[PDB]
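So the structure is just underneath, and the comments pick up after that.
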Amino acid sequence: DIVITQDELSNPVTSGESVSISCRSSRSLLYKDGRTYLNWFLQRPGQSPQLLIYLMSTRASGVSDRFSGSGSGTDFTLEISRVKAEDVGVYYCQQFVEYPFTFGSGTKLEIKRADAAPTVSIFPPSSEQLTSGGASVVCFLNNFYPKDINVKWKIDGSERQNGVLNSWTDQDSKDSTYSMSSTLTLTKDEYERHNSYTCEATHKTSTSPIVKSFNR
Amino acid sequence: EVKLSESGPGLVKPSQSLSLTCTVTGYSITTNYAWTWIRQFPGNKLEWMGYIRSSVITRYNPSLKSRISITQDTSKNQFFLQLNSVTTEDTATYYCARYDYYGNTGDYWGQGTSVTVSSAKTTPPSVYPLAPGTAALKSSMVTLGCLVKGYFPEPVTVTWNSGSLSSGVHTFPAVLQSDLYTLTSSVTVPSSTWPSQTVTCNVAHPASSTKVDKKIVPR
């Protein structure tokens, strides 16, 4: 069936700039009625896909006039004019000229904003978790930009890698930052063998890591 | 207002049939459209599954072989997906949508429903409060949280103060290990408001019919 390819955006876009996103079909999507059967969708973080453009260049009802589609029968462009923070998400094309109405794999738009250092907080295990024999130590690294960040755990001054799980949010639709959580899980018995628990965040906004600790 | 909404089990065992319902409001499934099922896999690839039109005429993606049936019940304004003999590869978020001849869906996609295909057991989360170690720089802000540990399947929903606290919240994607998920949620409030005023996270896990409230109390 028809192969749809999308280009990645290599660079983040500052609010107010415009950006073009492209997709390509292995087969022409121009139909015998003279219409070209290509749709564009935006999937904002955590939401269902929203149709922006159908028939290659027709805007869906309610869609901002900042979104416009153009192209030939095989190469298509979505232009986003004067990008706003809320435009962040993944843009998909879909061919609608023959079954199985294939989608491209998406193009993620990232918004460029001013560098922001993470707000770091660390939390000891709760009494409740300790009663069940477990001990998770949690560190939040909130509202930073750009997305690249490193978290290191130290117990009694020794770097600890085992038992660490990390999770990252998508870019925020309002302030264009990212956040991350890191959780170190140990048994209660192992937790109680040590005193000092530390999470260290290294980010481009500083030469020295932001360090947060507590003592059991 | 044309709306569509999916419902059905969030967990199905391998080899059994997955069934989902799409309930259409503000529009008759007798108006002339391709009432469509689409799914989005982990990692976000989208796949068109098929449609029903004119009550009884269907078409399906060949990728699904002979495993898919779409039907409808005009009396209930509902159409249905049945996908037989599922495997873990069928784990996805399932959407229903209304397509017209020209590919226009309007705003008419459902919110989506997660279905996990797994032999693992439904398990409700343990919810633990995350309260600051000692004190720090007040007259500014304080970050609290809750740790939602050891549930299956996805999803959970987290709110703070029953949804009254919506600003300054970060709920992180879950991480899976040993057939159990864990996620955390942080909330940041002015330090003048806590501990003076209470902060509670509310955690719902529909798949196990459990909802837990955890008040965050100072250590």
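Identifiers in this document derive from the order of the structure tokens: chains are assigned A, B, ..., residues are numbered from 1 separately in each chain, and ligands are numbered from 1 in order of occurrence.
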
| query | Do you know which residues are at most 12 Å from residue 195 (chain A) counting only C-alpha atoms, after dropping those on the same chain fewer than 2 positions away, and could you put them as a list in words? | reply |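 Residues meeting the cut-off are residues 124, 154, 155, 156, 157, 158, 190, 191, 192, 193, 197, 198, 213, 214, 215 and 216 of chain A.
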
Can you build me a table of region 73-158 of chain B residues sitting at most 12 Å from region 96-102 of chain A, with the closest atom pair per residue and its distance in Å to one decimal, using only C-alpha atoms, sorted by chain and residue number, as JSON lines?
{"residue": "B:99", "atom": "CA", "partner": "A:96", "partner_atom": "CA", "distance": 9.9}
{"residue": "B:100", "atom": "CA", "partner": "A:96", "partner_atom": "CA", "distance": 10.4}
{"residue": "B:101", "atom": "CA", "partner": "A:96", "partner_atom": "CA", "distance": 9.1}
{"residue": "B:102", "atom": "CA", "partner": "A:96", "partner_atom": "CA", "distance": 7.7}
{"residue": "B:103", "atom": "CA", "partner": "A:96", "partner_atom": "CA", "distance": 6.0}
{"residue": "B:104", "atom": "CA", "partner": "A:96", "partner_atom": "CA", "distance": 9.7}
{"residue": "B:105", "atom": "CA", "partner": "A:96", "partner_atom": "CA", "distance": 11.5}

Okay, now the selection with N, CA and C atoms, as a PDB file, in the first residue's frame?
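And here is the file that came out, again-v3.pdb:
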ATOM      1  N   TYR B  99     -15.543   9.716   9.242  1.00  0.00           N
ATOM      2  CA  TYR B  99     -14.909  10.258   8.029  1.00  0.00           C
ATOM      3  C   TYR B  99     -15.970  10.524   6.971  1.00  0.00           C
ATOM      4  N   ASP B 100     -15.810  11.603   6.201  1.00  0.00           N
ATOM      5  CA  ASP B 100     -16.733  11.812   5.077  1.00  0.00           C
ATOM      6  C   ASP B 100     -16.005  11.466   3.781  1.00  0.00           C
ATOM      7  N   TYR B 101     -16.699  11.588   2.635  1.00  0.00           N
ATOM      8  CA  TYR B 101     -16.100  11.254   1.342  1.00  0.00           C
ATOM      9  C   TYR B 101     -14.745  11.890   1.067  1.00  0.00           C
ATOM     10  N   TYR B 102     -14.542  13.085   1.597  1.00  0.00           N
ATOM     11  CA  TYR B 102     -13.354  13.866   1.270  1.00  0.00           C
ATOM     12  C   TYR B 102     -12.267  13.732   2.308  1.00  0.00           C
ATOM     13  N   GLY B 103     -12.493  12.869   3.297  1.00  0.00           N
ATOM     14  CA  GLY B 103     -11.524  12.671   4.375  1.00  0.00           C
ATOM     15  C   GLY B 103     -11.678  13.614   5.556  1.00  0.00           C
ATOM     16  N   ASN B 104     -12.727  14.429   5.560  1.00  0.00           N
ATOM     17  CA  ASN B 104     -12.980  15.342   6.669  1.00  0.00           C
ATOM     18  C   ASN B 104     -13.566  14.595   7.889  1.00  0.00           C
ATOM     19  N   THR B 105     -12.925  14.733   9.045  1.00  0.00           N
ATOM     20  CA  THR B 105     -13.443  14.115  10.268  1.00  0.00           C
ATOM     21  C   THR B 105     -14.169  15.130  11.150  1.00  0.00           C
TER      22      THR B 105
END

Residues at most 12 Å from residue 195 (chain B), counting only C-alpha atoms, excluding those fewer than 5 positions away in the same chain, as a tab-separated table (two decimals) with C-alpha atoms, in the first residue's frame?
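As a result, around.tsv now contains:
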chain	number	residue	atom	x	y	z
B	131	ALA	CA	5.92	15.37	51.70
B	132	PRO	CA	9.05	17.60	51.93
B	135	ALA	CA	11.74	22.90	55.79
B	138	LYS	CA	9.28	29.57	52.39
B	141	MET	CA	6.52	27.89	46.84
B	142	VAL	CA	6.49	24.24	47.99
B	143	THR	CA	6.31	21.08	45.91
B	144	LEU	CA	4.32	18.05	47.08
B	189	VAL	CA	1.58	25.59	45.67
B	190	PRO	CA	2.44	28.84	47.51
B	200	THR	CA	-4.89	15.69	48.77
B	215	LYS	CA	-3.80	13.73	52.13
B	216	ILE	CA	-0.22	15.05	52.10
B	217	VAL	CA	0.70	15.69	55.77
B	218	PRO	CA	3.90	17.44	56.91
B	219	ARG	CA	6.64	15.05	58.01

| said: I need the residues of chain A that end up classed as strand (DSSP E or B) by DSSP on the backbone, written out as JSON, numbers by chain. | reply: {"A": [4, 5, 6, 13, 14, 19, 20, 21, 22, 23, 24, 25, 30, 36, 38, 39, 40, 41, 42, 43, 50, 51, 52, 53, 54, 58, 59, 67, 68, 69, 70, 71, 75, 76, 77, 78, 79, 80, 89, 90, 91, 92, 93, 94, 95, 103, 107, 108, 109, 111, 112, 116, 119, 120, 121, 122, 123, 134, 135, 136, 137, 138, 139, 140, 141, 142, 143, 144, 145, 149, 150, 151, 152, 153, 154, 155, 158, 159, 160, 164, 165, 166, 167, 168, 178, 179, 180, 181, 182, 183, 184, 185, 186, 187, 196, 197, 198, 199, 200, 201, 202, 203, 210, 211, 212, 213, 214, 215]}

| field | Residue hits in chain A, query chain B, radius 7 Å, only C-alpha atoms, as a PyMOL selection string | value | chain A and resi 37+39+48+50-51+54-55+60-61+96+100-103+105+123-124+126+128-129+167-169+181+214

Can you list, as an mmCIF file with N, CA and C atoms, in the first residue's frame, every protein, DNA or RNA residue that comes within 12 Å of residue 38 (chain A) when you count only C-alpha atoms, leaving out same-chain residues fewer than 5 positions away?
data_model
loop_
_atom_site.group_PDB
_atom_site.id
_atom_site.type_symbol
_atom_site.label_atom_id
_atom_site.label_comp_id
_atom_site.auth_asym_id
_atom_site.auth_seq_id
_atom_site.Cartn_x
_atom_site.Cartn_y
_atom_site.Cartn_z
ATOM 1 N N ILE A 2 0.189 2.429 -0.083
ATOM 2 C CA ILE A 2 0.910 3.691 -0.297
ATOM 3 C C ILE A 2 1.820 3.974 0.898
ATOM 4 N N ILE A 4 3.854 6.594 3.033
ATOM 5 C CA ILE A 4 3.857 8.027 3.386
ATOM 6 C C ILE A 4 5.060 8.321 4.270
ATOM 7 N N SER A 22 6.741 18.842 6.064
ATOM 8 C CA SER A 22 6.506 18.216 4.767
ATOM 9 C C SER A 22 6.207 16.722 4.885
ATOM 10 N N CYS A 23 5.430 16.233 3.925
ATOM 11 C CA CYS A 23 5.178 14.830 3.788
ATOM 12 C C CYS A 23 5.174 14.440 2.333
ATOM 13 N N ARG A 24 5.391 13.160 2.072
ATOM 14 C CA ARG A 24 5.590 12.645 0.714
ATOM 15 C C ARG A 24 4.835 11.342 0.582
ATOM 16 N N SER A 25 4.267 11.126 -0.608
ATOM 17 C CA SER A 25 3.609 9.873 -0.952
ATOM 18 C C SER A 25 4.370 9.191 -2.066
ATOM 19 N N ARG A 27 2.881 7.321 -4.163
ATOM 20 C CA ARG A 27 1.932 7.341 -5.261
ATOM 21 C C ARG A 27 1.177 8.664 -5.258
ATOM 22 N N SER A 28 0.839 9.191 -6.430
ATOM 23 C CA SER A 28 0.075 10.415 -6.462
ATOM 24 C C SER A 28 -1.267 10.273 -5.738
ATOM 25 N N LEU A 29 -1.659 11.310 -5.002
ATOM 26 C CA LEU A 29 -2.922 11.296 -4.263
ATOM 27 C C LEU A 29 -3.960 12.157 -4.966
ATOM 28 N N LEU A 30 -3.621 12.609 -6.190
ATOM 29 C CA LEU A 30 -4.573 13.342 -7.007
ATOM 30 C C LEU A 30 -5.591 12.371 -7.598
ATOM 31 N N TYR A 31 -6.868 12.633 -7.377
ATOM 32 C CA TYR A 31 -7.937 11.733 -7.833
ATOM 33 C C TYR A 31 -8.600 12.291 -9.091
ATOM 34 N N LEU A 51 -8.144 17.139 13.164
ATOM 35 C CA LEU A 51 -7.954 17.430 11.758
ATOM 36 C C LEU A 51 -7.709 18.925 11.566
ATOM 37 N N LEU A 52 -6.670 19.256 10.787
ATOM 38 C CA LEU A 52 -6.368 20.652 10.440
ATOM 39 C C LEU A 52 -6.751 20.960 9.006
ATOM 40 N N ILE A 53 -6.346 20.069 8.102
ATOM 41 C CA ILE A 53 -6.492 20.266 6.655
ATOM 42 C C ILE A 53 -6.991 18.967 6.044
ATOM 43 N N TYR A 54 -7.947 19.058 5.120
ATOM 44 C CA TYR A 54 -8.272 17.902 4.279
ATOM 45 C C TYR A 54 -8.249 18.322 2.812
ATOM 46 N N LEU A 55 -8.256 17.337 1.913
ATOM 47 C CA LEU A 55 -8.161 17.587 0.472
ATOM 48 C C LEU A 55 -6.962 18.470 0.192
ATOM 49 N N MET A 56 -5.881 18.203 0.921
ATOM 50 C CA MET A 56 -4.541 18.814 0.707
ATOM 51 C C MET A 56 -4.433 20.270 1.165
ATOM 52 N N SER A 57 -5.495 21.056 0.960
ATOM 53 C CA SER A 57 -5.425 22.514 1.209
ATOM 54 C C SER A 57 -6.663 23.152 1.860
ATOM 55 N N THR A 58 -7.687 22.359 2.176
ATOM 56 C CA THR A 58 -8.883 22.908 2.783
ATOM 57 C C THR A 58 -8.819 22.831 4.295
ATOM 58 N N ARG A 59 -8.952 23.969 4.957
ATOM 59 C CA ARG A 59 -8.966 24.018 6.400
ATOM 60 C C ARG A 59 -10.262 23.480 6.988
ATOM 61 N N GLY A 69 -2.309 24.419 3.963
ATOM 62 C CA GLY A 69 -1.734 23.261 3.285
ATOM 63 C C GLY A 69 -1.556 23.573 1.817
ATOM 64 N N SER A 70 -0.500 23.027 1.243
ATOM 65 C CA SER A 70 -0.211 23.162 -0.177
ATOM 66 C C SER A 70 0.537 21.924 -0.664
ATOM 67 N N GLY A 71 0.802 21.880 -1.975
ATOM 68 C CA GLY A 71 1.651 20.843 -2.502
ATOM 69 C C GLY A 71 1.176 20.379 -3.870
ATOM 70 N N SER A 72 1.806 19.319 -4.339
ATOM 71 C CA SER A 72 1.492 18.664 -5.621
ATOM 72 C C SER A 72 0.690 17.407 -5.330
ATOM 73 N N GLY A 73 0.734 16.427 -6.212
ATOM 74 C CA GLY A 73 0.076 15.166 -5.951
ATOM 75 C C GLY A 73 0.894 14.222 -5.086
ATOM 76 N N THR A 74 2.195 14.482 -4.904
ATOM 77 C CA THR A 74 3.061 13.570 -4.131
ATOM 78 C C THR A 74 3.898 14.217 -3.021
ATOM 79 N N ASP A 75 4.046 15.534 -3.049
ATOM 80 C CA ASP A 75 4.781 16.262 -1.992
ATOM 81 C C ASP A 75 3.895 17.343 -1.393
ATOM 82 N N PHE A 76 3.743 17.342 -0.063
ATOM 83 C CA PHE A 76 2.774 18.193 0.575
ATOM 84 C C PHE A 76 3.454 18.970 1.683
ATOM 85 N N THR A 77 2.956 20.180 1.925
ATOM 86 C CA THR A 77 3.472 21.076 2.941
ATOM 87 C C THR A 77 2.364 21.636 3.792
ATOM 88 N N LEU A 78 2.547 21.533 5.101
ATOM 89 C CA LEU A 78 1.756 22.276 6.060
ATOM 90 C C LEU A 78 2.594 23.465 6.535
ATOM 91 N N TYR A 92 0.654 14.845 11.817
ATOM 92 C CA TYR A 92 0.590 13.659 10.970
ATOM 93 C C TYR A 92 -0.066 13.964 9.659
ATOM 94 N N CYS A 93 0.457 13.394 8.578
ATOM 95 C CA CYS A 93 -0.310 13.347 7.343
ATOM 96 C C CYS A 93 -0.982 12.013 7.174
ATOM 97 N N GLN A 94 -2.049 12.003 6.389
ATOM 98 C CA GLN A 94 -2.770 10.759 6.088
ATOM 99 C C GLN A 94 -3.251 10.835 4.660
ATOM 100 N N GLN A 95 -2.956 9.794 3.912
ATOM 101 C CA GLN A 95 -3.514 9.712 2.558
ATOM 102 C C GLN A 95 -4.912 9.126 2.642
ATOM 103 N N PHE A 96 -5.833 9.681 1.855
ATOM 104 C CA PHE A 96 -7.226 9.256 1.863
ATOM 105 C C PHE A 96 -7.690 8.877 0.429
ATOM 106 N N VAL A 97 -6.750 8.451 -0.409
ATOM 107 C CA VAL A 97 -7.088 8.165 -1.804
ATOM 108 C C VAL A 97 -7.403 6.688 -2.038
ATOM 109 N N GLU A 98 -6.909 5.803 -1.166
ATOM 110 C CA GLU A 98 -7.244 4.376 -1.262
ATOM 111 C C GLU A 98 -6.940 3.616 0.029
ATOM 112 N N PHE A 101 -5.798 3.752 3.915
ATOM 113 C CA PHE A 101 -5.745 5.128 4.380
ATOM 114 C C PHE A 101 -4.600 5.477 5.329
ATOM 115 N N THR A 102 -3.412 5.181 4.883
ATOM 116 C CA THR A 102 -2.215 5.129 5.683
ATOM 117 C C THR A 102 -1.828 6.504 6.250
ATOM 118 N N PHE A 103 -1.251 6.488 7.447
ATOM 119 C CA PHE A 103 -0.756 7.689 8.094
ATOM 120 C C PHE A 103 0.758 7.722 7.982
ATOM 121 N N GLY A 104 1.324 8.925 7.923
ATOM 122 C CA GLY A 104 2.762 9.071 8.164
ATOM 123 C C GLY A 104 3.087 8.896 9.639
ATOM 124 N N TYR B 102 -14.542 13.085 1.597
ATOM 125 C CA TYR B 102 -13.354 13.866 1.270
ATOM 126 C C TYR B 102 -12.267 13.732 2.308
ATOM 127 N N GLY B 103 -12.493 12.869 3.297
ATOM 128 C CA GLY B 103 -11.524 12.671 4.375
ATOM 129 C C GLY B 103 -11.678 13.614 5.556
ATOM 130 N N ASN B 104 -12.727 14.429 5.560
ATOM 131 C CA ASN B 104 -12.980 15.342 6.669
ATOM 132 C C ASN B 104 -13.566 14.595 7.889
#

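In the backbone-derived DSSP annotation, alpha helix (DSSP H) within chain A comprises residues 127, 128, 129, 130, 131, 188, 189, 190 and 191 of chain A.
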
| field | Which residue of B:194, B:160, B:181, B:94 approaches residue 19 (chain B) most closely, using only C-alpha atoms | value | B:94

I'd like the contact shell of residue 111 (chain A) - 6 Å cut-off, only C-alpha atoms, skipping same-chain residues fewer than 3 positions apart - returned as a compact mmCIF listing (two decimals) with C-alpha atoms, in the first residue's frame.
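Full text of out_39.txt as output:
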# COMPACT_ATOMS: atom_id res chain seq x y z
CA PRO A 12 12.98 24.06 17.61
CA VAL A 13 10.90 27.03 16.51
CA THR A 14 10.62 30.27 18.49

| field | Residues near residue 188 (chain A), cut-off 8 Å, only C-alpha atoms, skip fewer than 6 positions along chain, as a PyMOL selection string | value | chain A and resi 130+133-135

| Skipping near chain neighbours, those fewer than 6 positions away, what residues fall within 10 Å of residue 179 (chain A) using only C-alpha atoms, listed as a PyMOL selection string? | (chain A and resi 118-120+140-145+147+149+167-172) or (chain B and resi 170-172)

| task | Rank nothing, just name the residue among B:136, B:57, B:125, B:214 nearest to residue 122 (chain A), using only C-alpha atoms. | result | B:136

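Note that the spacing between CA of residue 19 (chain A) and CA of residue 79 (chain A) amounts to 5.8 Å.
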